[PDB]
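One structure is given here, and the rest of the page talks about it.
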Amino acid sequence: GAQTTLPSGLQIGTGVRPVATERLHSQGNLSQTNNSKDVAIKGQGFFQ
Amino acid sequence: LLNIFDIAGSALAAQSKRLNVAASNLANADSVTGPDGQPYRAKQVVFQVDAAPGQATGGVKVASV
């Protein structure tokens, strides 16, 4: 209403929904496997 | 026995008023404010004898809240 007192007014919510789950693109650690076929990436890049 | 009808009707009105006061109080157990911003102060009815022309015995009237 038009305004001491407390601002009257019933405002009711609905709930909670999940919008989107995001992945954290942070550089992981490197482990040593002597296999020469394995390579690790230092930076933001993806093999196609 | 029509005075008995007056007595019973007045007493029914008084007890209904007390019940309404009690219900309003129970509704407002947790109320924090009113329209003006003052706290809700609990109400109590006052019973008084309605024997104005009937000596010391008569119905019950609610004097005030």
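These protein sequences, in sequence, are chains L and V. Residues 53 to 55, 60 to 104 in the UniProt record's numbering are what the first sequence spells out, letter by letter. Here the second sequence is numbered in the UniProt record's numbering, starting from 3 and rising by one per residue. Every residue gets a Cβ at the ideal spot worked out from N, C-alpha and C, and that includes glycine.
Handout entry: Cut-off 8 Å between Cβ atoms - residues of its own chain near V/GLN50, not counting five sequence neighbours on either side
Key = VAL62, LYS63, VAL64, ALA65
Exercise for the section: Give the residues of chain L in contact with V/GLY39, contact being defined as C-beta atoms less than 8 Å apart. Expected result: For V/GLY39, the chain L residues whose C-beta falls within less than 8 Å of its own C-beta are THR60, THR61, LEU62, listed in chain order.
Exercise for the section: Output yes or no for whether 8 Å exceeds the beta carbon distance between V/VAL67 and V/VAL47. Expected result: yes
Problem - Cα-Cα separation between V/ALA24 and L/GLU78, rounded to whole angstroms - result: 56 Å
Problem - Within 8 Å, strictly: CB atoms of residue 2 of chain V and L/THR61 - result: The requested residue 2 of chain V does not occur in the structure, where chain V is confined to residues 3 to 67.
Problem - Straight-line Cα distance separating V/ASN22 from V/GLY11 - result: 16 Å
Problem - Contact list for residue 70 of chain V against chain L, beta-carbon separation under 9 Å - result: What is shown of chain V runs 3 to 67, which leaves residue 70 of chain V out entirely.
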